[PDB]
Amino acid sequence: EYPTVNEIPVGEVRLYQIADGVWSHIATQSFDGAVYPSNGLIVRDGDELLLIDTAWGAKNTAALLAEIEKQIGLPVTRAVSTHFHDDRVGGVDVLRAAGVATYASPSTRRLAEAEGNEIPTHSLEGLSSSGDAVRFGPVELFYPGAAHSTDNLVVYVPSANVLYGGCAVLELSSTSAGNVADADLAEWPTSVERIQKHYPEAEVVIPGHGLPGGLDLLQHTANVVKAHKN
């Protein structure tokens, strides 16, 4: 029952419960003449919520906040953007104005700046090298190396064994790596291997777009990227 594009009009956000205190958020957005669904994550931390990624735009992200208040009723106090693209940081100004402390790596903040995207307020240090991992509230943040972009981070929720791959991970139905303008195709499969080695216990893997699955999303991603590179 995971929602797809045809079930979410642009401007609306759905939440989907993955585990106790862990949800994905699903939004839709038009980009270059096509509508795409996009995922982020919500993780409970006591009486507060940690948000992973915006809902791809200001209006979507305002809707996201409204849907969180309706469905969950706990305040979002911090947010992390997992790379510099607009499906990840677009809506950060809305979050900030709402009183949410927004975060990203220094590299993500610099690339967002260069690209004219919204820029999270606070820098996440300790994630500059492939294999680096840091605790951030109820999650672990991991930099696997360059993949979909050079700055992409993944997020693990230890209490639930849930791995959110963001766009470094592709859904099982995918036949291609999608938008690779900022990608490092030579490194990507290695980056995926690092994730596989570091989170062998992951039970649910959530891609940046499309359906969640099991650990096979990781190998599938490496295979697609390799096949794409050719």
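Numbers follow the displayed sequence, beginning with 1.
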With respect to the recorded C-alpha B factors, which stretch has the higher mean value, 180 to 188 or 166 to 174? 180 to 188
For the higher mean C-alpha B factor in the entry, choose 153 to 161 or 102 to 110. 153 to 161
The residue of 81, 121, 117, 129 with the maximal C-alpha B-factor according to the PDB record is 129
Considering only modelled residues of the same chain, in which third does the CA B-factor of residue 17 rank: lowest, middle or highest? highest
Which third of the chain does residue 47 land in by C-alpha B-factor: lowest, middle or highest? highest
Is the Cα B-factor recorded for residue 139 in the lowest, middle or highest third of its chain? lowest
Temperature factor at the Cα of residue 193, chain-ranked in thirds, falls in the highest
Comparing residue 200 with the other modelled residues of its chain, is its CA B-factor in the lowest, middle or highest third? highest
